[PDB]
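What's counted below: heavy atoms across the whole structure, side chains too, no hydrogens, waters or symmetry copies. Chain letters run A, B, ... following the sequence lines, proteins first and then strands; every chain starts at 1.
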Number of protein chains: 4
Amino acid sequence: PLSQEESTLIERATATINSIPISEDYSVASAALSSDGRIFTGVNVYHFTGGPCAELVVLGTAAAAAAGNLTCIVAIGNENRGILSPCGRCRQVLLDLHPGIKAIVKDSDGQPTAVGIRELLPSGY
Amino acid sequence: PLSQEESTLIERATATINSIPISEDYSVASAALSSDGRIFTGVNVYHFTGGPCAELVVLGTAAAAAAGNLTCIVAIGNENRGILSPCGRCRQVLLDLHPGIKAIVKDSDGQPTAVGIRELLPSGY
Amino acid sequence: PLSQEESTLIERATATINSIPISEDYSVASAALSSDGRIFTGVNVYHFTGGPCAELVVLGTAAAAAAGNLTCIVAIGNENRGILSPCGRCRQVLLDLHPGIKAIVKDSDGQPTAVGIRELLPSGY
Amino acid sequence: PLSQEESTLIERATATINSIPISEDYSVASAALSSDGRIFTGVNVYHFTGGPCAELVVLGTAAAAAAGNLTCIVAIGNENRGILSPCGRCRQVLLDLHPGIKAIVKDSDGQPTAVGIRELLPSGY
Ligand SMILES: C[As](C)(=O)[O-]
Ligand SMILES: C[As](C)(=O)[O-]
Ligand SMILES: C[As](C)(=O)[O-]
Ligand SMILES: C[As](C)(=O)[O-]
Ligand SMILES: [Zn+2]
Ligand SMILES: [Zn+2]
Ligand SMILES: [Zn+2]
Ligand SMILES: [Zn+2]
């Protein structure tokens, strides 16, 4: 399994998405851990032109706080959907902006696990 | 010509971008005001796949706090660039998600002014 | 008051969208005119991460043919919707890559009219 | 090794990017094969709001021709850079719109090989 700090991200993201009204525009929450120990959250902004996924809003929120490197991140869907693997675009942005980051996804056993971003983007660009 | 609240937005966004390390990835900050009086900030996340502009990070931050309708927004560039009009993509997202919002831009005389989002997208899609 | 070539763009985009199966992923066609006289077409690719609008596929198609500067562009929707004004994102990309381009939109009387891209993005970023 | 159609795609994409002026806006070409016997090309349209990668332009070009299903795709960088693996966003769009497609990438030996899109996006969204 994952460490307690990483497990805290799941709780924080879950709390964030479940604390707001059900919406088709804001349906996913994300939480990331910075190298200094702070946690940053955010929800997605859906739009056909490429509204940011929750993870990208988190990256912007962390940057606004001069958080520096982010070490772990997770996305939680609304309506008790739980952990959601980051989409291809988010994986690319994470790899390019925080190459040392790990994302929390569900393994074959459906259990939470933190994986290096490069593993989610083999032969990545 | 701006209200007290609007001037505060400019100050908040300016302080945000000036407070972080100069970066090519995080170079613009934005601040928005919600109908309930709360202010939300954020900085952009640059990426060729369409990393969110500061305004979009602000929309997700506001949504994460269940801010509801946003009434005004502004973007401030790093290196003392001052007010920057929202780009075309942000105008579209703002129009679609917060149709009653205004954006602070510089008028033909270089003076800050709050304009209805529809005015920034004539014959908008 | 559209030129012969401008009206031809409308015909070409209309023919394109009426030549493919009705789809929720590919619902808009676009056609643009190059200064060298050639016409390029395209259809959008819908995706939440920001799949390109028909106009952007056209820009990439024109680029692949070494078209150079485009002078006019139009978007035609399926379901017999007719002319669609470019969305905010397309306006920004068009302004940044083809600043002298015009986009065909509907005037107050619902008739086709070519408008400078700068007019579609007042006080543009 | 690569099949005949796979080597042909590389040649077509390579010829495409090498046939246009060197540009920072149009720097990658892509080519895809459709199940109905056609090959579609395209070049990227760089833009901070998420201008489409060459692969997305190809998808819209194929869609405009009512191509249906794309079975293989490849991207070639300008300035003799050769094969470029699809970025994360492209992998997501490809997986969602053409789940049965294969993408040509370089293996650990620098040797080109066609791989199922799902393989490039482990535990995708
Ligand atoms: C799981 As997601 C769509 O926030 O990359
Ligand atoms: C002024 As902007 C680049 O944050 O849309
Ligand atoms: C009118 As459009 C959605 O092709 O920018
Ligand atoms: C290698 As690409 C940037 O055309 O996904
Ligand atoms: Zn994502
Ligand atoms: Zn913007
Ligand atoms: Zn558009
Ligand atoms: Zn790509």
J.: Report the residues that fulfil side chain to side chain contact (heavy atoms under 4.5 Å, CB included) with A15(A), sequence neighbours left out, ordered by chain and then residue number.
T.: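 Checked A15(A) against side chain to side chain contact (heavy atoms under 4.5 Å, CB included); zero matches.
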J.: Chain A and chain D: which donor-acceptor pairs fall below 3.5 Å?
T.:
{"residue": "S85(A)", "atom": "OG", "partner": "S123(D)", "partner atom": "O", "Å": "3.1"}
{"residue": "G88(A)", "atom": "N", "partner": "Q92(D)", "partner atom": "OE1", "Å": "2.7"}
{"residue": "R91(A)", "atom": "NH1", "partner": "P122(D)", "partner atom": "O", "Å": "2.9"}
{"residue": "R91(A)", "atom": "NH2", "partner": "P122(D)", "partner atom": "O", "Å": "3.1"}
{"residue": "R91(A)", "atom": "NH2", "partner": "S123(D)", "partner atom": "O", "Å": "2.8"}
{"residue": "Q92(A)", "atom": "OE1", "partner": "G88(D)", "partner atom": "N", "Å": "2.8"}
{"residue": "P122(A)", "atom": "O", "partner": "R91(D)", "partner atom": "NH1", "Å": "2.9"}
{"residue": "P122(A)", "atom": "O", "partner": "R91(D)", "partner atom": "NH2", "Å": "3.2"}
{"residue": "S123(A)", "atom": "O", "partner": "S85(D)", "partner atom": "OG", "Å": "3.0"}
{"residue": "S123(A)", "atom": "O", "partner": "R91(D)", "partner atom": "NH2", "Å": "3.1"}

J.: Which heavy atom in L121(D) sits nearest to a heavy atom in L121(A), and how many Å separate them?
T.: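 Closest heavy-atom pair between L121(D) and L121(A): CD1-CD2, 4.1 Å.
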